[PDB]
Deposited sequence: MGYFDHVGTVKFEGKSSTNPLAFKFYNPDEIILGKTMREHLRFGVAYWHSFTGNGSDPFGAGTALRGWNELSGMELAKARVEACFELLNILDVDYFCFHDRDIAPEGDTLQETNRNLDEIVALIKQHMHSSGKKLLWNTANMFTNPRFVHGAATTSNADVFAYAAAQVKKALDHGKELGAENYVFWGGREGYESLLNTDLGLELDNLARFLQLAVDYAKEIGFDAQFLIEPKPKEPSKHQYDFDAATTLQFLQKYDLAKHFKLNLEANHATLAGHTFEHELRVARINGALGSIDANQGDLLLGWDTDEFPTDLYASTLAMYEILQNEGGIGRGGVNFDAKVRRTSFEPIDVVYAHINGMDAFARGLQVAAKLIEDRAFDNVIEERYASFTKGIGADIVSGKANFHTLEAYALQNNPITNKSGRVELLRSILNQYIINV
């Protein structure tokens, strides 16, 4: 299906073969784990049911071409809807059965599945946050079925994403009812997963906007505020998508670090936006700064990426319409994140940033700084200290110095 016989192999950074990896060596050992284990790369997923069966075959062909172990899918992208909900689910069941056998034969694993509650017109007002309770019931039936399929196929995570949960205008929005109903829907899904013994990690993917004016899981901190408010934080981690970070006005590594220090870095969608375009372009990730600094955050996460992966939720350019461009595009993104891993790991091993940070904040490990951190110091004792009028000498933050190191490691590692 992809104009490409054979598999893409690692050929080193000097190779001029456009169908070879320059940096992704799956077997390269980095800090005691292989690149394959560090990155856990995932790949995204005639008419009617015949087109669907052919899509199955093409998905696993591509997984074999790229030597990728993990895939993801949305229900409505693997099978067409029927004339009833029953027939929709029969069509899905049939295609799931084909996928399950391919997974067994090929040894491929389901990183996550999800429900597409975005495409069909019934979701024009959203799904959980719809104004039409009939749509909420259909959305529950659809996610119910998707949790069944996630359990059947052994999904390691299950994703809820922004779709159409937000608003076009606050003028016609009952904000409390929509947010309450979102929280009800998510808890109902948690209840159902527990009842069927589905032990995948639940993930929410923040997205700030597009196609809606505002979408409720705006960024990591906004989603965490909602999760904490509704007693859902214990059930959900975040699926962080690079382009959605920058759409929200943050760097990717900002979202990742916020997620990390709240125990909620669950998985990533590796792509990139165009910061001069206010929409979500979902380009395959090529920026070596973004991939280096993303893997820097991931490598410090408990268990690294953990049960998540580096998932290529990305779109070939409109002008890269040939089948082979799908292979070129993944090679672009896989080599960019493999280089990012190499560079990040060496930055971490050399404490290239950590030693500067240790020195920056050293005052909080001695004297009055230690007393602040320990809780001994209060406004009375801090004032008495400052009333000594000891000269205050700040230290440079060395931003340009560190930026030179980042450039040096990107090139030299």
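For this chain, the deposited residues without C-alpha positions form the stretches 1 to 2, 48 to 70, given in sequence order.
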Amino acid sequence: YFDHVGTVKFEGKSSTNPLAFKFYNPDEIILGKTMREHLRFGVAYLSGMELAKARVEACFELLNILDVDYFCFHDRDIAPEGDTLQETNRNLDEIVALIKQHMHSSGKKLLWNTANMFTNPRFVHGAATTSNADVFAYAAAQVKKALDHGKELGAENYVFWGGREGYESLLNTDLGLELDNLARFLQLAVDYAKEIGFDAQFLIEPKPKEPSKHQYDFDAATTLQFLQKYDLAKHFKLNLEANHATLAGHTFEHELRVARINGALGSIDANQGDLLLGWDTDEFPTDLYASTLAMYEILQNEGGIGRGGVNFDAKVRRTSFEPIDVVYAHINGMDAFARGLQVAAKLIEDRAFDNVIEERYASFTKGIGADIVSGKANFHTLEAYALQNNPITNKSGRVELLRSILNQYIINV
From here on, numbers count along this sequence of modelled residues.
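178 to 186 and 82 to 90 differ in mean CA B-factor, and the higher of the two is recorded for 82 to 90. Higher mean CA B-factor, judged across 228 to 236 and 319 to 327 from the recorded values: 319 to 327. Highest C-alpha temperature factor among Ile357, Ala386, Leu347, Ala44 per the entry: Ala44. Taking the deposited Cα B-factors for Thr246, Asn157, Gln101, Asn271, the highest one is held by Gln101. The deposited CA B-factor of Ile95 belongs to the middle third of values across its chain. Annotation for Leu170: CA B-factor lies in the middle third of the chain's modelled residues. For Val124, the recorded CA temperature factor ranks within the middle third of the chain's modelled residues. Per the PDB record, residue ranking by Cα B-factor puts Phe136 in the lowest third of the chain. Sort the chain's modelled residues by C-alpha temperature factor and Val399 lands in the lowest third, per the entry.
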